[PDB]
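Please read the structure below before turning to the comments.
What's counted below: heavy atoms across the whole structure, side chains too, no hydrogens, waters or symmetry copies. First listed ligand is number 1; within each ligand, the first listed atom is number 1. Proteins come first, then strands; the chains are lettered A, B, ... in the order of their sequence lines, and each starts at number 1.
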Amino acid sequence: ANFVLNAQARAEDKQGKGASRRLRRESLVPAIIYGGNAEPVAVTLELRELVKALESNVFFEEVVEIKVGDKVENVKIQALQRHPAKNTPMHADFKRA
Amino acid sequence: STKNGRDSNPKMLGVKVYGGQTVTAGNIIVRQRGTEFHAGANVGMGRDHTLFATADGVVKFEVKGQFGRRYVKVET
Amino acid sequence: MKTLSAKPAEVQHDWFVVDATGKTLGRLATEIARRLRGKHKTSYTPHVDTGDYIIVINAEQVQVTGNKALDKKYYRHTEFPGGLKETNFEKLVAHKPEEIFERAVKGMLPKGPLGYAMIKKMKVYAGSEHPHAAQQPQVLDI
Amino acid sequence: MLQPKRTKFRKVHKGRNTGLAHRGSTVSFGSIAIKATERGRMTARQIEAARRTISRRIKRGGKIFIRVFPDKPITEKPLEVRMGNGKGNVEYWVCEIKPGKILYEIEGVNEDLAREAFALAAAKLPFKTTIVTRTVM
Amino acid sequence: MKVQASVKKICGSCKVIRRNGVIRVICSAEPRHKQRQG
Amino acid sequence: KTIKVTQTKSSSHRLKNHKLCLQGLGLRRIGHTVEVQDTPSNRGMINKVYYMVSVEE
RNA sequence: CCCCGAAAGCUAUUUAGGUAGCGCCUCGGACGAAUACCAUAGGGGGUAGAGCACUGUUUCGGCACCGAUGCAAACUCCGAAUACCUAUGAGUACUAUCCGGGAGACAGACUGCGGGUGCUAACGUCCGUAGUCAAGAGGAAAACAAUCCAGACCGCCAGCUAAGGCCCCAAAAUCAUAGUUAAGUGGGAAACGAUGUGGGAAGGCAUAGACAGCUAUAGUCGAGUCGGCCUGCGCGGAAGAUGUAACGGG
Ligand SMILES: [Zn+2]
């Protein structure tokens, strides 16, 4: 409700090292959604939106809505990877809740 | 002056026959300082822990037993 | 031997007059060198001078861009020890305008007896008048 | 001057310094820290000088955590000695620095004071640094 | 005049200016604060 | 069912196995074109030296 | 005149610039698919990376142990890509192997990658691996064995391209579209310093009136303004000896 992330699908041709580097050059972020009773889904987000969401403390405890097209998932942030020297986010895990 | 500068001649240890190859009786399979591999069916062990074949057949490697030892055997 | 060379006895040199007011030095010198060497004629031959005569008037109105008026340096060396002399574009253009054109075109012509012969066909005059009315030069806008 | 109390071997190979600092790039003791953004070497004298500057600036009002330790010995030839004749003698100790390595952390001090102290310390170091603070993840 | 590689403002009456491609610091209160980068 | 392969660069300074791949395809000089059966064994040699050949189907 | 075509390695040597056997060249005979390239299938590993389970070493808490946190050529609970061995198979290729006659060579060099040594110095030195020179001409890099492109049987005043290029010296675009630079930066150099100029993401204040100036928080004044964060290109830091001399020149 308070936090909505707009995402696109990440198909198999957009996975791997080269594809992820191309995405990050395009200034997007790959992410994975897993959790009980369903099959994991791979998505992509916007760096500015992710940074803005992480700027607030309450984001790490609330349930957020990730919307890709018509469907919508209610998740919580589970893990996060950062660049060691620049601190820019590089990947994200979301657990279904 | 230095106090180092010594070494010993090479000893040429290692696997001589790999899995899936055919052997005749007497062929040496593994040269090893200790028992890194153990003798299975149709394989004998020498006094310096060398593994050799005692029958004609095909070499096979596996992991077996309660201690997880590596075994080599010959299938006829 | 079907490809023929031009014969010097049949070469015909025409006379042209060019006004240098407001032109850029190098972009004028390239065209002058082309027409002095004769690259614009279909009888062009590397070992024969087939070019035209070029008169240049209003030589002190030539221009350079950027800060080159203060910064572009002209050097020469008398062969005595320590004898390096230096000047710049503003002083040189107010003093001897012909030297600027001579240096610029000399740099772009070939370095040999034929090049010495080809540079002799360029006449540079400071003012708006030239003494070659007897040759009836034509106006060339380059 | 920091130095190992004991070592297994006196002299070590030169090696190569490649890669990033995936370990030791997260604030774990204090609230604010300084981390290197460029790779290089850090000597014991440099560590001591930076620590002294930071402590003097912060007036011993908080705790300072040092997260780099020099454990690699470096040798040098005696001087006016020709090539050969064995490896040289140990002269000083260094710590290898990869981008992302956190050098110092401060606990219990105001942020402006900590930034002033870190700015003073950075002028003593042979590589570029940056300032980071604690985050949830 | 102080001629140095690093030129900074010392007090509040100092001013950083650029003249003919050179960075200078001029102070209204203290003449000993005059600096030029070089 | 059949592939046309043309050699586009020199093979004088390449690796030994790469030269052997060219010779095993049958190419002999720059600009040479050959026609070969479409089998995985042949596509292996083609993919090994992709950088100096042009392939048409 | 025609054909082929090396090596500067290993082992030993009162041996180290000599020699001998093997490796590498050539000629004759035997014998042909037993050979190689690639694709499938089978196999062992302890390197790169990583980690702290052993051996050492490190920091901060608690009571030799516990909790967080680092490091290792001679540490390992782990662990690739390549390389290597074997079997089957398509296509392409004068391939492998054996028996004999004749040798030369056993001073190597640079470049890239993995390293020891040195100062992460040297056109330094010692190994592994690939290319070139040696024993190789032509075009490009101004000139320039070892870099880039490319392997010269002979002749032609024919055509297409590679690397590299298309203002003049000097062959080919003063070609087209959209931006950046003002330093001749381009066409030598760092920590560091700074209202130089583009681009991007935020934040604070603001026409019930913001910043600066002004008149003793009021008050004239009428729109934007304030301070940081990423990022492109520029500026200073920048002193040498015969002559511009750190775009080959114009
Ligand atoms: Zn002042």
Side-chain angles (χ1 to χ4, degrees), chain A residues 51 55 85-88, chain C residues 65-73 86 88-90, chain D residues 1-2 25 27 29-68 95 97 99-135, chain E:
Chain A
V51 167
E55 231 157 48
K86 299 179 183 19
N87 228 50
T88 309
Chain C
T65 72
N67 252 292
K68 283 185 269 192
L70 301 197
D71 273 0
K72 173 176 203 40
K73 291 315 169 35
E86 187 226 307
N88 68 10
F89 180 87
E90 310 185 310
Chain D
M1 224 81 102
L2 296 184
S25 51
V27 168
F29 301 82
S31 44
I32 196 180
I34 171 157
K35 63 142 85 137
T37 46
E38 174 188 341
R39 96 178 59 250
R41 272 177 184 179
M42 224 186 159
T43 73
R45 286 173 173 282
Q46 295 163 3
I47 293 162
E48 175 47 29
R51 193 208 56 75
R52 185 198 307 298
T53 285
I54 301 174
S55 58
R56 176 195 300 129
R57 193 33 137 101
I58 73 159
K59 302 318 324 323
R60 322 166 150 204
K63 210 181 210 144
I64 301 175
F65 303 87
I66 316 180
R67 300 191 61 191
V68 288
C95 178
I97 299 301
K101 180 54 140 142
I102 280 165
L103 322 163
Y104 300 94
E105 311 197 357
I106 292 175
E107 156 186 76
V109 156
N110 182 43
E111 168 142 345
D112 305 271
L113 253 196
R115 292 176 167 281
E116 277 160 56
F118 282 153
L120 286 188
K124 313 276 190 214
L125 296 192
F127 40 76
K128 253 180 290 304
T129 69
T130 200
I131 301 263
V132 305
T133 51
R134 168 157 317 207
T135 165
Chain E
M1 180 89 73
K2 270 186 249 301
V3 177
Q4 33 188 43
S6 175
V7 288
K8 294 223 218 68
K9 282 158 100 263
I10 293 119
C11 49
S13 320
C14 284
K15 174 167 316 263
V16 177
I17 77 151
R18 228 161 83 80
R19 267 179 195 150
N20 179 243
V22 175
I23 307 200
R24 318 186 165 253
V25 169
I26 63 201
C27 183
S28 322
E30 284 131 318
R32 79 171 62 208
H33 288 170
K34 254 164 73 212
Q35 310 162 58
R36 162 182 131 217
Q37 197 172 55

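Protein N, O or S atom count below 2.8 Å of the Zn ion (ligand 1): the structure gives 4.
Partner of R24(E) under the side-chain contact (heavy atoms from CB on, under 4.5 Å) criterion, out of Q35(E), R18(E), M1(E): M1(E) alone.
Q37(E) and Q4(E) share no donor-acceptor pair across their side chains, judged by distance under 3.5 Å alone.
Electrostatic pairing of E86(C) and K73(C) counts as a salt bridge here, judged by a charged N lying under 4.0 Å from a carboxylate O. A salt bridge is absent between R45(D) and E48(D); no separation between the charged side-chain nitrogens and carboxylate oxygens falls under 4.0 Å.
Side-chain contact between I47(D) and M42(D) is present, with heavy atoms from C-beta onward closer than 4.5 Å.
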*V27(D) and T135(D): side chain to side chain contact (heavy atoms under 4.5 Å, CB included), yes or no, with the steps?*
CA-CA 8 Å; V27(D) 168; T135(D) 165; over 6 Å; no
